[PDB]
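Working notes for the structure below.
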Amino acid sequence: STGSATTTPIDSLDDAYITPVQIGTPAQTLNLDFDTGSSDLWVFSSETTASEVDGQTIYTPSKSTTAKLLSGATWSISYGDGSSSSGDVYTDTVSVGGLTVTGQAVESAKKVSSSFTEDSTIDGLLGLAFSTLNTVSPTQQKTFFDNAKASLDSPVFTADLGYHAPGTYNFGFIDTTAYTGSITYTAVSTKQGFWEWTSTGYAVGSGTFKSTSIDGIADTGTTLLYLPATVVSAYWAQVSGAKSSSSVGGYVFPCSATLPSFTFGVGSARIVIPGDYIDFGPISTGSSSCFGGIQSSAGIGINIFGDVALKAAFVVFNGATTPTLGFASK
Ligand SMILES: NCCc1cccnc1
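To convert, note that position 85 of the sequence shown is 89 in our numbering; the numbers rise steadily by one, no gaps.
Structure, rendered in structure tokens:
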């Protein structure tokens, strides 16, 4: 089997991407944030505290003939940005782009933090990291990809995120028309439960490539590119007037600037992020200070190749017995 679904930016800045997902019988379609940095499939639901729902589409398990309470199971997750959610668990039929998993754990939110409430466009998250990170207790549950894997034509999924445009998540096949040149594959460590890999270096603009190992995670659920302070300083030093602002919470730059590109290494290959991908717009409406798309990972504990980086590539998440990651230009 295979699946193919379009993923769409939630706003004009590509702050996140949503992908329609069918849950239950008859289908209830929710727009989920596919997140290769976590491993829970959770949704706004009929159980979510009413004051914490503001415009989201909800899953109502009582209206699904295939929903079953997973008795005694609870979940609770906290993300790197300080957001969180928790609740109980149903199993139900879940389909993405024509690919169907029966008995998928669908984690129903009883509580969500303010940032989730405030984002009316995101109805939940669909985790695509390794199932070892799944938070369901006392019986840990599998991700949609792990459940689907054995049925897939090939044990892979791909992320093809657009810049200010829709893109695609495919399951079970590699669309050889979706990228240019060849795909370079690189080793993955699953020790922390992430798609963790080591970039071979970077360049800023037309500058020389610096060969240096940068361990980080491929995380579709993180908006920005978070890298070591040395790398990030070298980038922003090439933008007149750019500075790190503690009050704003990162590097900002004059909105009048033309940003240089940023290149990262994948083995001997190179992925170029155009400068425009690094512009996240005015810090507040009408401001001439703009927020940067490359930020320091110093306070995080891990480097994160988020959407800013991934959207510059066609990315293969290879879930074979020994997982690997592939990157191609496009
Ligand atoms: N790997 C990104 C985790 C995440 C998801 C949704 C909101 N905040 C953080």
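From the three backbone atoms N, C-alpha and C, an ideal C-beta is built for every residue, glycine too.
Under DSSP, the beta strand (DSSP E) around residue i begins and ends at which residues?
| i | result |
| --- | --- |
| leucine 229 | 229-231 |
| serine 265 | Per DSSP, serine 265 belongs to no beta strand (DSSP E) and is neither H nor E. |
| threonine 121 | Run containing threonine 121: none in the beta strand (DSSP E); it sits in the alpha helix (DSSP H), 118-121. |
| residue 1 | Outside the displayed span of the chain (5 to 334) sits residue 1, for which this structure offers no information. |
| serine 293 | 293-296 |
| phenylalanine 284 | 283-286 |
| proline 13 | 7-13 |
| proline 24 | 21-27 |
| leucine 329 | 328-332 |
| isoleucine 275 | 273-277 |
| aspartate 164 | 160-164 |
| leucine 17 | Counting along the chain, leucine 17 falls outside any beta strand (DSSP E), and DSSP gives it neither H nor E. |
| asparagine 35 | 32-39 |
| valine 140 | Element bounds for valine 140: n/a, residue is neither H nor E. |
| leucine 156 | Element bounds for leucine 156: n/a, residue is neither H nor E. |
| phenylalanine 321 | 318-322 |
Between the Cα of residue i and the Cα atoms of the options, which residue gives the shortest distance?
| i | options | result |
| --- | --- | --- |
| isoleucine 282 | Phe318, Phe266, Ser288, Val270 | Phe266 |
| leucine 329 | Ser5, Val270, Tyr230 | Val270 |
| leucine 229 | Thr147, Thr10, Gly310 | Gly310 |
| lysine 334 | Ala317, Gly279, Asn322, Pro327 | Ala317 |
| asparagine 307 | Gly84, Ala20, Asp58, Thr52 | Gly84 |
| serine 251 | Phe295, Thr139, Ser5, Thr106 | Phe295 |
| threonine 6 | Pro264, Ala222, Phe161, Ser55 | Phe161 |
| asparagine 35 | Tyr63, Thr29, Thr52 | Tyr63 |
| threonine 204 | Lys214, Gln196, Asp92 | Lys214 |
| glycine 209 | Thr224, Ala222, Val243 | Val243 |
| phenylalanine 148 | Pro170, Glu122, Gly101 | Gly101 |
| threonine 326 | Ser237, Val276, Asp164, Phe134 | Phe134 |
| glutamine 145 | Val110, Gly290, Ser272 | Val110 |
| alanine 31 | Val93, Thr106, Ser89 | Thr106 |
| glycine 323 | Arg274, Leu156, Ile221 | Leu156 |
| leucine 45 | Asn138, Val276, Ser66 | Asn138 |
| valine 276 | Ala54, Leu263, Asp223 | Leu263 |
| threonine 216 | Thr224, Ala222, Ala207 | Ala207 |
| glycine 254 | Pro159, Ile304, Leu129 | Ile304 |
| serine 118 | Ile22, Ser82, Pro142 | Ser82 |
| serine 75 | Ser141, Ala332, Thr125 | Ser141 |
| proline 258 | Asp280, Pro286, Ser43 | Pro286 |
| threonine 40 | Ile14, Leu132, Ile27, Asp280 | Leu132 |
| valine 116 | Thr289, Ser87, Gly59 | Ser87 |
| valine 98 | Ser124, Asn151, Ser90 | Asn151 |
| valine 192 | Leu17, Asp219, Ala169 | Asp219 |
| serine 288 | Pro278, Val256, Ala261, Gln299 | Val256 |
| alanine 273 | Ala233, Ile187, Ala246 | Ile187 |
| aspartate 179 | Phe331, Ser249, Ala238 | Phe331 |
| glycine 211 | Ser248, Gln60, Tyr239 | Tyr239 |
| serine 80 | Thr184, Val47, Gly59, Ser66 | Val47 |
Below 8 Å on the Cβ atoms is my contact criterion, and I expect residue i with residue j to pass it. Report the Cβ-Cβ distance as a whole number of Å.
| i | j | result |
| --- | --- | --- |
| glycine 166 | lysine 72 | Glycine 166 to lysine 72, Cβ: 37 Å. No contact. |
| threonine 194 | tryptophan 201 | Rounded, the Cβ-Cβ distance is 11 Å, inconsistent with contact. |
| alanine 113 | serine 49 | 6 Å |
| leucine 103 | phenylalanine 38 | Contact flag wrong, Cβ pair sits at about 13 Å. |
| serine 301 | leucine 231 | 6 Å |
| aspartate 96 | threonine 70 | 5 Å |
| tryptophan 199 | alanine 163 | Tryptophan 199 to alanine 163, Cβ: 10 Å. No contact. |
| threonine 136 | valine 57 | Contact flag wrong, Cβ pair sits at about 31 Å. |
| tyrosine 173 | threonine 11 | 5 Å |
| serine 43 | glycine 197 | 7 Å |
| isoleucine 298 | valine 312 | 7 Å |
Which two residues bound the contiguous alpha helix (DSSP H) that contains residue i?
| i | result |
| --- | --- |
| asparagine 151 | 148-152 |
| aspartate 311 | 311-314 |
Practice task
Run through the segment 167-253 for me and flag every whole alpha helix (DSSP H) of 4 or more residues, listed as ranges in chain order.
Solution key: 233-240
Practice task
Give, in chain order, every unbroken run of the alpha helix (DSSP H) that is at least 4 residues long and sits entirely within the segment 68-135.
Solution key: Runs of the alpha helix (DSSP H) lying entirely within the segment 68-135, each at least 4 residues long, are 118-121 in chain order.
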